[PDB]
Amino acid sequence: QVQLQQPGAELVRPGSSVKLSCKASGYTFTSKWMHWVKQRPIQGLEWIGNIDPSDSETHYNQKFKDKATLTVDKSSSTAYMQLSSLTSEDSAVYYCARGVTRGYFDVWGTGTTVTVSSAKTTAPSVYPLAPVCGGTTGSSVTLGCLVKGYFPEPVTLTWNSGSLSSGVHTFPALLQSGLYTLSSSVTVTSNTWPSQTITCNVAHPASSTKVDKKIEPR
Amino acid sequence: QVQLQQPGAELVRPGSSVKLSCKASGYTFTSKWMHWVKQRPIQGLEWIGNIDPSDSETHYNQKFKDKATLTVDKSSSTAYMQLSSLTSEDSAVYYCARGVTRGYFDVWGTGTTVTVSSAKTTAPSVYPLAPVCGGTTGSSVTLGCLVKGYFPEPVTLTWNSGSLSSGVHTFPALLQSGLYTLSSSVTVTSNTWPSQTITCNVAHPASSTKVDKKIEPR
Amino acid sequence: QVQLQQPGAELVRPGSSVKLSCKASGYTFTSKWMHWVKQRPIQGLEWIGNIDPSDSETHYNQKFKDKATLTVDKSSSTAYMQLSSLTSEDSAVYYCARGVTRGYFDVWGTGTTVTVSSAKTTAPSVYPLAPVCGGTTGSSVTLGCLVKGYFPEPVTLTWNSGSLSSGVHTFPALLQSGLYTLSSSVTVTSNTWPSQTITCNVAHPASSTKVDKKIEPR
Amino acid sequence: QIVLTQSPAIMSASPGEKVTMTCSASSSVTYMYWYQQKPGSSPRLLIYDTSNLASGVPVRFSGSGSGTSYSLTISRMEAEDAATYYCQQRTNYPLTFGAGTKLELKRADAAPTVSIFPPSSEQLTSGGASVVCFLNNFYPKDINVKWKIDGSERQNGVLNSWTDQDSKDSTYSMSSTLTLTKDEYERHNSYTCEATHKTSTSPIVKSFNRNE
Amino acid sequence: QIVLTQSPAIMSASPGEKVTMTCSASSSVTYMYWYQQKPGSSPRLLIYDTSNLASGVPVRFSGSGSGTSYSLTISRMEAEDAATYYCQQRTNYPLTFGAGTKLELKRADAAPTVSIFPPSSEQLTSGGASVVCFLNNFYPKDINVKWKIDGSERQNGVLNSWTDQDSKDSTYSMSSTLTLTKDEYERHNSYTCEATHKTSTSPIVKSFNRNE
Amino acid sequence: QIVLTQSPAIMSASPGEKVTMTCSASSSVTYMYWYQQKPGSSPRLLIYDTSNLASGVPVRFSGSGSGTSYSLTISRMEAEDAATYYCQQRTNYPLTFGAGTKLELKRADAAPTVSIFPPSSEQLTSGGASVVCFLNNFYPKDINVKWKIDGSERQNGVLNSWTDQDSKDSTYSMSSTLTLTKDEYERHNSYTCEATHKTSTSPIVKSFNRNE
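Procedures and definitions
Residues numbered from 1 in each chain as written, not as in the entry; some residues may be left out. Chains lettered and ligands numbered in written order. Part of a larger assembly, values for the part shown. Heavy atoms only, no water. Disulfide = S-S within 2.5 Å. Helix = DSSP H or I, 4+ residues; strand = E, 2+ residues; numbered from the N terminus. Buried < 20%, exposed > 50% of the residue type's maximum accessible area, 1.4 Å probe, protein only. Contact = heavy atoms within 4.5 Å. Buried area = accessible area lost by both parts, 1.4 Å probe. Salt bridge = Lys/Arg side-chain N within 4 Å of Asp/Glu carboxyl O. Polar contact = N/O pair within 3.5 Å; in protein donor to acceptor, adjacent residues only side chain to side chain. Domains from an automatic or database assignment. Nonpolar A, V, L, I, M, F, W, Y, C, P; charged D, E, K, R; others polar. Core = buried A, V, L, I, M, F, W, Y, C linked by side-chain atoms within 4.5 Å. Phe/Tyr/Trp six-rings, centres within 6.5 Å; stacked < 30°, edge-to-face > 60°. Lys NZ or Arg CZ within 6 Å of the ring centre and 35° of its normal. Pairing = 2+ DSSP bridges.

K.L.:
Would you explain the state of the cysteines in this entry?
P.N.:
Every disulfide links exactly two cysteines, by a covalent bond between their sulfur atoms. Across all of its chains, the model carries twelve disulfides over all chains by this definition. Paired through a disulfide, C145 of chain A and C200 of chain A show a sulfur-sulfur distance of 2.0 Å. The S-S bond linking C145 of chain A to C200 of chain A shows a torsion near 60°; that makes this disulfide right-handed. Of this pair, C145 of chain A sits in strand β13 (residues 140-150) while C200 of chain A sits in strand β17 (residues 199-204), placing them 55 residues apart in sequence. Across a sulfur-sulfur distance of 2.0 Å, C22 of chain B and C96 of chain B are joined as a disulfide pair. Its torsion about the S-S bond being -95°, the disulfide of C22 of chain B and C96 of chain B is classed as left-handed. Taken together, the positions of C22 of chain B in the loop between β3 (18-20) and β4 (23-25) and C96 of chain B in strand β10 (residues 92-99) put the pair 74 residues apart, joining distant regions of the chain. Both residues of the pair, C22 of chain B and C96 of chain B, count as buried.

This is the structure in structure tokens:
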């Protein structure tokens, strides 16, 4: 029923501004309070402010003035939030939230990930990782696919076009001077490799890239 | 006759200001309108504004206020343009221009290339490029001279102190994180190399460098 | 007697502010003028301003307004200096100074080194430097210990936990894109190495690191 | 303006046993609110006004407390409960959250599996050399990595990324990657990645040689 | 405020034939102005007030049009005419330019010559390794490069710089350079730069080996 | 607002001889002040009001002069006097300092000792390769370094750090380090660091080979 849809990700340079929105349905928008919450990696949830469209009431967190300016469009339909300053401090996940009066929240939005960086959009690389020269110890062989130097997130990594998914560990990317680095491991038996073909497939929507790299034995 | 002389290049850090000038001769300066045009790599020509010294009329492009402040010195002789803000957006070629009334231009100035970068002036490197170990296919051998990591532009590359110029392709430099990278190729017959001496000569006026590198066979 | 104690080092990002202090003892604080001097690597001493706590007189260098705001706490005990702007230009050693009236100084403070950098605090590396494969020319062998990529200063380098100090040349660190690089050389006779153990010890207080690297023969 | 501290920070509980999570306030508070956030999903309201449950909340969650000390109790721990839990307050505007009690699922001690990979020829073409060491399937999360080049330890240029707890076997996995230049890689021969886990004091060692 | 679109963006014409270049305006315009810019030189006025020629302009250039659609016509194309041509407007202050019709000179199909160079020992000393692949004398400008390390494709760290059309033979030349670290370069052996040109579907392949 | 120039910039004097240091002002000055700063220590007042000495100042320092030209004279140079000396003015607020007369101690000509070190295997693991060349014990300070890779000179990526004059033997030492990538290091074989000192026109040459 109650759904609070908001766009995926926004990527804006330091200094400039962002206008976040929240498409609300499943309930009467003009009846219940709309709150905004900021979540950072390892610092916890931080409440920003809240608007009541009734009765126009706009509350703010004293630490968030005047970085955030909250407005509401009522037609159409959404709740707006403009971030004015934009610094490396602002890089976080911003959540839409419905609530009945102050000050708790019932339903949360999908969340928009905001990345404040001076870096430019760049294409990935993709590298094949092969085991040691000779043989692998045991019966289970381990293969990898290293993706180094790409901006921004995300990257969809699939093995064998989607035919291989069991025993696959995809590791989250880390920021390394403007460009991300991601790795993924796969564990299969020695009877399948290198008897059958194994290929890691990486696609980046922001750069329109499609790389299929075959792991050849050393 | 009509000549609009202006300095070569200006290199100023982000935040600070630049004062561009245009020494005008060949005509009565106080009679004809002076216009200013900005040209970027792949974005086209952008008109900034124009001054009439008569009758002091100063027009501006609405998108260029108040980044540009136009003034005119009448003695001496020149038309001035101060850029106030300075960002990475401003990095372009700025043209002086004469015109009879609004709004077209007869004669254009030499153009001053402005580079807004936080990077510091650095000396070049120069590296010799030799063909594959053994022999080159055909009768014409190809040699190169790679100049990596230098700031700012330009660099004068000559082969054999100026004795070699036929069949030389010098490739324009590209920006690679504060420092430029330039390459040049030369095609000569196998009877000249390595029987005779071939040397690539690079000079950088901003760092007072003079490098002569001999291409030795591998 | 007269001692003007001030903290070691302050490390603050560009844009933000610093509050420098100077704990004064050995004399009546409210009697003698307090001056402030900035010293840069190769540019000389630059006077900032001075306060008299009496009779509250606050003088400033015209080039230092309003980068510096001088105040005095009188209880407790200290003289304060707030730097407001903070740029890469500000990175220098800031000196406390006592004087009897304008405008000369008797006793100087310990000096606080201020580093304005956007760089983050990082752990050192430490690498062992061994001589050429085979033997060293003469009777005296030379060993080294290279510390690359660390922020900020300083690093305490000692040989053999403090048992080796004679004939040791420790070279001052240089800034290389946010992270420092330091090297140290030691000259000993061939009868001690590799017959006895030699180890370079590096400790970084800002990262809580303790590395002991043994130089093994190649 | 009240600071809320949730204790403990990381919870470890086996399925089918009582779970007590606590939040502590700086000063007196009238009503408390709790929030559940599963990995890769939006948070949701569990408990409102100290004790009342939200709609859609399974019958196993309970809340109580007063003034400064408040508690969320799970009577019987289930597999779909492994999530981060957050404190929430008002009557002091803000309107602040707690640190976040991470409820992790308990598993019988697991030993890490190590696979070391030499830098690819495609990267060595560019001038860079990254040695990747995969640490797969281990319990618990806490583990130590040690890169050794020819015996000597390396600390700078090391990248370490952990995964969230698996839904099937409930084990953690991390990726250790040391980045070096082509010059720095070819100067040395032996490259080792050591895994120091709680399961065994003896480090799990996987290494290779450059010249081979 | 009017937006001027020049069509087409890149023109290809042989010497001694009629050349028609067009500019299109958003709304009604009274007078049009045209500008010629040769590579490495200041622009100059060709046509003023739609049709009148500037002083010093050779007798071959012509202009016409009205309202929204305007044209610059060259009756007979000459070698010294290979330049970029720009639209110019007023009566709407700004006072804007067009995109820029690039008049390039036509040449009979040319095949690219490829020469691959291994990284110099002087750069390998510093820790970097740049493999340079020169693509010389080809027509037309559009070409594709593909770096292959041991068979696998590399995309990041690639630098591509083109030259302007030559005055003598009218061919294009580009410089392809992939930058790698000393570690990344020594991990792999085979290095290949492939040239995909319109002249032939078969890629022009030049490669070398590191160990040799 | 007065600019004070101290001359000369670098002083070289042997122990037990008269030392005359001079400061020159832009315009008329009433009183002069001098300051001593030893390496790694806070500066201190030596002379106040042109001629009077500060408390704790040893009986060997003297000052004189008028208007624009002023002098600090040391009657007999001692080992503990090797320091930088600074000019100081007022009656013109600012209140400015001089450039700084660096008094360095004199020593009988010393020849540099050179030791070249190949990049460690620990750094080559990361992908970087730094070749370190130590230049130890030489007089005077001024020296030239020249990195040669396979014969060809390298200029970019060079790091040069000097030490202060030693308290025991009064000699200077500098550290020369060229940084390269793993790819750039393995492309070449021979690496040389040359020392061009005033003592001898012939460069002190220490080199090694990569393959060995």
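There's more to say after this.
K.L.:
I'm lost on the interface of chain E and chain D in this one. Help?
P.N.:
It is common to give the size of an interface as the accessible area that goes away when the parts come together. Listed as interface residues are 27 residues of chain E and, on the opposing side, 22 residues of chain D. Across the chain E to chain D interface the summed buried area is about 1,400 Å²; carbon plus sulfur atoms make up 40%. At the junction of chain E and chain D, the tally comes to one salt bridge. In this structure, the connection of chain E to chain D is made through 38 residue pairs in polar contact.

K.L.:
Explain the domain arrangement of chain A here, please?
P.N.:
All names here are of chain A. The domain architecture assigned to chain A consists of domain 1 (1-118) and domain 2 (119-218). Facing four residues of domain 1, the contacting portion of domain 2 comprises four residues. Of all residues in domain 1, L11, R13 and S117 bury the most surface against domain 2, accounting for 69% of the area lost on that side. In this structure, the connection of domain 1 to domain 2 is made through zero salt bridges. Applying the counting criterion to the domain 1 and domain 2 interface returns one residue pair in polar contact. Residues that form the side of domain 1 that touches domain 2 fall into these classes: one nonpolar, two polar and one charged.

K.L.:
Would you mind showing me how to read the nonpolar core here?
P.N.:
Looking at soluble globular proteins, one finds that nonpolar side chains tend to be buried together. Core analysis: the biggest nonpolar cluster contains 62 residues, and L135 of chain D, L135 and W147 of chain E together with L135 and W147 of chain F have the highest contact counts within it. In this structure, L135 of chain F is in contact with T113, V114, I143, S173, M174, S176 and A195 of chain F, ignoring residues within four places of it in sequence.

K.L.:
I would appreciate a short explanation of the packing of aromatic side chains in the present structure.
P.N.:
A ring pair, where both rings are aromatic, is described by two values, the distance of the centres and the angle of the planes. Tallied over the entire structure, the rule returns 45 aromatic pairs over all chains. Centre to centre, the rings of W47 of chain B and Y93 of chain E are 5.5 Å apart; their planes meet at 75°, and the pair counts as edge-to-face. Here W47 of chain B is found in strand β6 (residues 44-53), whereas its partner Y93 of chain E is found in the loop between β8 (84-89) and β9 (101-105) on a different chain. Here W47 of chain B falls in the buried class, since its relative accessible area comes to 2%. Under the relative-accessibility criterion, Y93 of chain E is labelled partly exposed at 38%. Between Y185 of chain D and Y191 of chain D, the aromatic rings sit 5.2 Å apart at their centres with planes inclined by 25°, giving stacked as the arrangement. Judged by relative accessible area, which is 0%, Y191 of chain D ranks as buried. Put simply, the rings of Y95, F105 and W108 of chain A together with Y35 and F97 of chain D touch in pairs and so form one group of aromatic residues. Its guanidinium or amino end placed over the ring of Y27 of chain A, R98 of chain A lies 5.1 Å from that ring's centre, counting from NZ or CZ.

K.L.:
What should I look at first to understand the interface of chain E and chain A in this one?
P.N.:
Taken together, the contact between chain E and chain A spans seven residues of the former and eleven residues of the latter. Buried surface at the junction of chain E and chain A, both sides included, amounts to about 660 Å², of which 34% is carbon and sulfur. The largest contributions to the chain E side of the interface with chain A come from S152, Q155 and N156 of chain E, which together make up 61% of the buried area. Where chain E packs against chain A, one counts zero salt bridges. In this assembly, chain E and chain A are joined by five residue pairs in polar contact. Looking at the side of chain E that touches chain A element by element, the count peaks at three residues for strand β13 (residues 152-154) of chain E. Residue composition of the side of chain E that touches chain A, grouped by class: no nonpolar, four polar and three charged.

K.L.:
I would appreciate a short explanation of the pairing of strand β15 (residues 172-181) of chain E in the present structure.
P.N.:
Consecutive residues of a regular strand have side chains that alternate between opposite faces of the sheet. Residues and elements named next belong to chain E. A large share of β15 lies buried, amounting to nine of its ten residues. Note: strand β11 (residues 128-138) against β15, nine bridges, orientation antiparallel. Among the inter-strand pairings, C133 is bridged to a residue of β15, identified as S176. Two elements, strand β14 (residues 158-162) and β15, share five bridges in a ladder whose sense is antiparallel. Paired with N160 across the strands is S176, a residue of β15.

K.L.:
I'm lost on unusual backbone geometry in this one. Help?
P.N.:
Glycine aside, a negative phi is what most residues show, and trans is what most peptide bonds show. A cis amide bond, omega -5°, links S75 of chain A with the succeeding residue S76 of chain A. Along the chain, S7 of chain D connects to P8 of chain D via a cis peptide bond; the corresponding omega equals -5°. In this fold, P8 of chain D is placed in the loop between β1 (4-7) and β2 (10-13).

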